[PDB]
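Shown next, in structure tokens, is the structure this report addresses.
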Amino acid sequence: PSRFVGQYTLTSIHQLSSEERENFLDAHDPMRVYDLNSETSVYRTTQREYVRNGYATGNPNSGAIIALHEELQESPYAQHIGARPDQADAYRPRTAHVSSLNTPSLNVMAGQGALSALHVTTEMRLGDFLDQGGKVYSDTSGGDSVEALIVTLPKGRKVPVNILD
């Protein structure tokens with residue numbers, strides 16, 4: 001199970017075959033893993049002032065740590081199992097500071113237990129981020145049926161929000 005030690009040298013999903021790349025995305029891309037889409041609603045708490053005109057803008061200075069599902073790092077279990085160095089199961093996404101994206105973003109919660117898990121509570125349409133070039137990352141910085149996400153929102157862009165409380 002540990003024969004491949006030192007051989008887990010891949011660092012990008014593009015270094016994997018098409019089949020393994022798809023396997024990795026199936027296991028780590030938030031969009032696929034949590035079965036998200038343009039109509040998925042995402043939530044976060046904030047202050048009225050920031051969304052008083054019905055829109056929210058991305059935060060330029062977040063301290064969030066995100067998972068990069070397109071980049072690889074040896075899985076802590078690769079050596080425990082016999083994971084081949086050219087297979088998706090031998091790796092896990094790399095993580096990085098959100099500032100590395102050089103783009104404002106918003107930390108949101110998604111899932112049936114989101115609203116519960118969570119100043120005012122806002123709701124947003126994931127598609128509104130996506131339609132404007134926003135990207136979704138798992139936030140690695142609740143319980144079950146809820147996932148923490150980081151969604152980018154390019155400079156000068158905004159998304160409509162609904163205050164729930």
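Read-outs: derived from the displayed coordinates by stated rules, not from any lab. Cβ sites come from the backbone with ideal geometry, for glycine too, and all protein chains shown count toward neighbours.
Side notes on the structure shown:
- Likely footprinting exposure, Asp128, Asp86, fewest C-beta neighbours within 10 Å first: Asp86, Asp128
- Taking other Cβ atoms within 10 Å as a rough exposure proxy, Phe4, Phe129, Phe24 sort from fewest to most as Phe4, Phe24, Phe129.
- Applying 1/(1 + (r/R0)^6) with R0 = 41 Å to the Cβ-Cβ distance of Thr46 and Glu22 gives a FRET efficiency near 0.70.
- For the chain, a crude dipole built from +1 on the beta carbon of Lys and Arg and -1 on the beta carbon of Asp and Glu, taken about the Cα centre, is about 580 debye to the nearest 20.
- Overall, the anisotropy analysis places the chain in the prolate class: the square-rooted eigenvalues a ≥ b ≥ c of its C-alpha gyration tensor yield a/c not less than 1.5, with a/b exceeding b/c.
- For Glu71, distant residues with modelled amide H under 5 Å away: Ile13, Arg94
- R0 of 45 Å, Cβ-Cβ distance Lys155-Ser116: FRET efficiency to nearest 0.05: 0.85
- Cα gyration tensor shape for region 100-165, rounded if a/c is under 1.5, else prolate or oblate: oblate
- Computed 3J(HN,Hα) for region 123-138, one whole-Hz value per residue from the Karplus formula 6.51 cos²θ - 1.76 cosθ + 1.60 where θ = phi - 60°, is 10, 9, 8, 3, x, 5, 6, 4, 4, 10, x, x, 10, 10, 10, 6, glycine and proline marked x.
- Pairwise FRET efficiency - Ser141 versus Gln15, Cβ, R0 = 25 Å, nearest 0.05: 0.35
- Simple rule: put +1 on each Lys or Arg Cβ and -1 on each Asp or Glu Cβ in the chain, find the dipole, and look at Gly54, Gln87, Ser116; the Cα lying farthest toward the positive end is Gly54.
- Where only DSSP H runs of four or more residues are counted, the chain gives -3500 deg cm²/dmol as its mean residue ellipticity at 222 nm, each run worth -39500 (n - 2.57).
- Coupling constants for region 27-36 follow from the phi torsions by the Karplus curve (6.51 cos²θ - 1.76 cosθ + 1.60, θ = phi - 60°), and in residue order they are 8, 10, 6, x, 3, 7, 3, 9, 6, 9 Hz; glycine and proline get x.
- Only one residue of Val5, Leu153, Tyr34 has its Cα farthest out toward the positive end of the dipole of the chain, where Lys and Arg carry +1 and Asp and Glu -1 on Cβ, and that residue is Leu153.
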